[PDB]
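In what follows, a structure is listed as structure tokens, so that the remarks can point back to it.
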Amino acid sequence: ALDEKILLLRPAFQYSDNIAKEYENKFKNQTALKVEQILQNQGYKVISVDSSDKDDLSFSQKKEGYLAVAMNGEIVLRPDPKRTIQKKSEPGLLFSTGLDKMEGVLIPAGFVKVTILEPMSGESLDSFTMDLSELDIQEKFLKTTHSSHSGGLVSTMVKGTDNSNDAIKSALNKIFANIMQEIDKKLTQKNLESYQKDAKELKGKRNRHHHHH
């Protein structure tokens, strides 16, 4: 079929501080692998590059490579500040829960940009940015601080809990799904092969640019 190589760069993602390192790493790794799957499904051989910066490509890689795909992003999950309810234990209301609870919703923010480049010149052949704020993600969470006028309460009646990490997981799942969906839209053998002319031209301009002076 196609003897053409695509250089897949490592995703460069920054996140908000509330997202665990484990979650960040799994996100990065699965992003890279799913993009790999997409490109292989469209008929290209994929070379995984041990970097995310196009300049750290070896000349070998720039040579064998038809195109390079670069991802970068800021993935933020923060509460919608309007929807944080802080209902506290009313002392003696016939039923007194000695736990103070908070209730909120996490919304997405930031961006993920995918860029198709010509390896030799490093010039951008195309790019699409997905705005994460545009996703309608509202993941409810509740955490329970141990309240102030409950010191006498014994261990059993004050078991705090927090489900933030589950909401973070759910939000990252949807984000990942919607993102891979867009990427699958864009990285079609038809879209990628439509760059072949400019890619040849740019390689040429930069391949001859090395051999003059």
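A few notes on this one:
- Counting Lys and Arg as +1 and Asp and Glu as -1 over every other residue whose Cβ lies under 10 Å from the Cβ of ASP50, the net charge comes to 0.
- Each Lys and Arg adds +1 at its Cβ and each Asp and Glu adds -1 at its Cβ; summed about the Cα centre, the range 86-213 shows a dipole of about 340 debye.
- When the chain is treated as a Gaussian network with alpha carbon springs shorter than 10 Å, the biggest mean-square fluctuation among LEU99, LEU202, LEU153 belongs to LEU153.
- Against the chain, whose longest principal axis comes from its Cα atoms, helix 21-41 is set at around 40 degrees.
- Square roots of five times the Cα gyration tensor eigenvalues for the range 42-127, Å: 53, 12, 10
- Computed [θ] at 222 nm, helices only, for the chain once each DSSP H run of length n ≥ 4 contributes -39500 (n - 2.57): -11000 deg cm²/dmol
- Counted charge near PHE128, where neighbours are those whose Cβ lies closer than 10 Å (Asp, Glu -1; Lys, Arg +1): +1
- One compactness figure for the range 75-175 is 1.68, namely its Cα radius of gyration divided by 2.2 N^0.38 Å.
- Tilt relative to the chain, helix 196-211 - C-alpha long axis, 0 to 90 degrees, to 10: 70
- Summing charges over all other residues whose Cβ lies under 10 Å from the Cβ of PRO108, with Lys and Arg as +1 and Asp and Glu as -1, gives -2.
- Convex hull volume per residue for the chain, taking Cα atoms only, in Å³: 149
- With Cα atoms, 0 to 90° folded angle of helix 164-186 axis to the chain main axis: 20
- Only Cα pairs under 8 Å and 6+ residues apart enter the sum, and on that basis the relative contact order of the range 1-57 stands at 57 percent.
Values quoted throughout were computed directly from the atomic coordinates according to the rules given, and no laboratory measurement underlies them. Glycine gets a Cβ as well: all are built from the backbone with ideal geometry, and neighbour counts include every protein chain shown.
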